[PDB]
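A, B, C, D, E, F, G and H label the chains in the order they appear, each numbered from 1.
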Amino acid sequence: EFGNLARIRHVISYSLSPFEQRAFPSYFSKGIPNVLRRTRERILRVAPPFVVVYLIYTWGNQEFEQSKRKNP
Amino acid sequence: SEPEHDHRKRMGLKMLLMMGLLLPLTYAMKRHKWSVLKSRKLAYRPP
Amino acid sequence: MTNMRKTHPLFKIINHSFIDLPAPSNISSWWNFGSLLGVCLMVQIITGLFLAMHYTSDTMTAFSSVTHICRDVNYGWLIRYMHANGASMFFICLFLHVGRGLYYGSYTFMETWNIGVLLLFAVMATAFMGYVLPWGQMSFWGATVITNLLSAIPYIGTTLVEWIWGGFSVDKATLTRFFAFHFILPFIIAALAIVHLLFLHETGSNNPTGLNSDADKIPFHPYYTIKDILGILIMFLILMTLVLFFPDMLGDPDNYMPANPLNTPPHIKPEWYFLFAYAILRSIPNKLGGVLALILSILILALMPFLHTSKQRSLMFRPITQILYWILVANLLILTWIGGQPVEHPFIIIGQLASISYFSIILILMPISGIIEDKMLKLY
Amino acid sequence: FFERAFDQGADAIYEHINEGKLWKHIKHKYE
Amino acid sequence: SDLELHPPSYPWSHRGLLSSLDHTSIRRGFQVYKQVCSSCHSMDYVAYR
Amino acid sequence: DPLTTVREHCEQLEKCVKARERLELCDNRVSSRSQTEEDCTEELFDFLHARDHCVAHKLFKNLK
Amino acid sequence: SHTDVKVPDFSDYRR
Amino acid sequence: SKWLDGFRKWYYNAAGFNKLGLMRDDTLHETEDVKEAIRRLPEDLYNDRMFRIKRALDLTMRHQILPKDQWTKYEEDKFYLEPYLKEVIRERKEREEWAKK
């Protein structure tokens, strides 16, 4: 329902045609810092549970391979 | 146990060539369509 | 002169649902998994049609029929492996869809989430019964163990055991009931999916920021149309990569033997997307307790909208609940790994600790974390 | 003017990778 | 007991992603099966065609 | 037989030699007849695992 | 004033 | 205390809605009480709020954030929706109290 969704006053939007602009304007040289910024802002909340459960997995397999070992 | 193995890998090679031809075109079309939104600039002047 | 697209009795439905539908501009790729789920369901039915219209599945020689499909039917291996790995990719996309809804505060739609929970029950049932159908060794043992689980309840367990099974081991007609409503129930899944679409079209989509997106909305075509086509091509790449290079990676060798009730299996498990659920049956030492534990896990998934004690919808501005959420996601990964491994030391106590951590995170830890987050924001 | 060249090239790299292994390579001494 | 040995990964001619089978090795293994292994084991789902 | 050639031409690797002398010292201390259920099992798997890892490293070069 | 506005420089995106 | 205030400011900076230029009251989930809190706002606060939401959606669409000079610092994040929301909550509470008896 375009036309009766919201009420916005005094805003200006500028846009270009896709045929008068580049499809990949400075792709790598402006995309690598943003990807590194997002990774630095999110890896401290995503990664440490995965590191702890990798430690849990390795400890479990180490105990399973250490289960009997011809016990004296 | 797997008599289809050679023809399976032949269809896999066909798939890899098909997707290597297709997916750059679809990605370029998506970037071309979304380049209007990714170039949009917004201004707000209250009275 | 009139516009054909807005006055046609059949095309106004398709453009109001597909073309000029206003969608949020800042939608990421995660919502695209939902669209992938739809087309994944479609190709399943297509392969399912190819698994019935040429084929003769038997109550006694089902496995012989399946190997005659793989060997003596043209492209039968291809459609069989697309059916199996499409079930696997369907559960991958369904898990990512559910996690999207769980993370971005999309559970505030009540009836949409409830019929999603119904759809999840239906796809669990279809996947389990489809795994029962080809009549392998460990498929038979899993069907026997879980029908011994469900036979305990009076007048609805026992009566349906004698209804879905002519005899407990084998007689002249056993698997045709499993085949019958594994055949019909994905069409109920498709009907509940179009009800899912109807309710979402009533309420509108949701942005990842969780705010009112009505300031910036765009037509669905041609932005999200080409985004969905790109996602479908990437999904089909991965799907027949799993089909056509590594067909027995997400699968298992233990069901590639004929069924023999005299021969016990050394290691028994369900498929991978059932595995963590199987771990809950290894958690509580009660069969009825395990059944109610499965029902309670999907019921607290349905009950999650009542636990939203925060005044911020999405979790982009909620770091404590984000940390709790990723702890929960890794806890389900640990639960899948535990459900894979057999019942010994100390996998029993890892199962106990993982199950109580899962229930504590979903029940009590997340609303208290939201209360702490709201208290630290000078809100109350 | 590409589909027959597409299938021919995919087949050509398939027997270039697997030279001396497929059945068509050994339809000389086994016929 | 419960202790087992994991077999290693031999460098097969079909181990690779695009690697095909050696069909003369399949023929030689077939006459091995016919001349040795066919007295006890079976190939119930395999025909001569 | 080429795998036998592989067996004595990489038996002299230090880890499978070490597991081999673990196996012979176990064979020494089980022949004392201690009437137990104790065997030379795990080090036998360790020696076979090391020698089969060496074989799968370099078996198929001399084969047809 | 509507004459006080002008389009921004799109030089980093334009060809 | 002072250390609680420091961890509060650190948590505000790590929440991440100051990177998109959003204020604190813009991020409230639009329930019914919040909807008639917005409906009772004056025109200038409402227009600034709508521009802030639209700018946040525009920045989220390109996966970008504002420069650090343009971020919302702690002192200017005032509480403009707080009296409207609290009186809406109070009148809803007294309506519920009247309907209870």
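By definition in this document, contacts are C-beta pairs under 8 Å (C-beta built on N, C-alpha and C of every residue); 3 or more make two chains touch, one makes a residue touch a chain.
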>> Show me the overlap between the contact partners of subunit C and those of subunit H.
In response: A, B
> What chain is most central when centres are computed from CA atoms?
Replying inline: C
>> Based only on mean CA positions, could you tell me how far subunit E sits from subunit H in angstrom?
In response: 68
>> Can you work out the whole-Å distance between the CA centroids of subunit B and subunit C?
In response: 26
> What whole-Å value do you get for the distance between subunit A and subunit E if each is reduced to the mean of its CA atoms?
Replying inline: 44
>> Using the touch definition from the top, which residues of subunit F touch two or more other chains?
In response: 41-42
>> Residues of subunit D that contact two or more other chains, please.
In response: 14, 22
> Counting only residues that touch at least 2 other chains, which ones in subunit C make the list?
Replying inline: 25, 71, 212, 215, 245, 319
>> Touching residues of subunit H toward subunit C in the complex: what are they?
In response: 7-8, 11-12, 14-17, 20, 24, 26-30, 34, 50, 53-54, 56-58, 60-61, 79
> Hey, which residues of subunit F end up touching subunit E in the complex?
Replying inline: 41-42, 45, 48-49, 52-53, 55-56, 59-60
>> Touching residues of subunit F toward subunit A in the complex: what are they?
In response: 38, 41-43
> What part of subunit E is in contact with subunit B in the complex they form?
Replying inline: 14, 17-21
> Okay, in this complex, where on subunit E does subunit C touch?
Replying inline: 17, 45-47
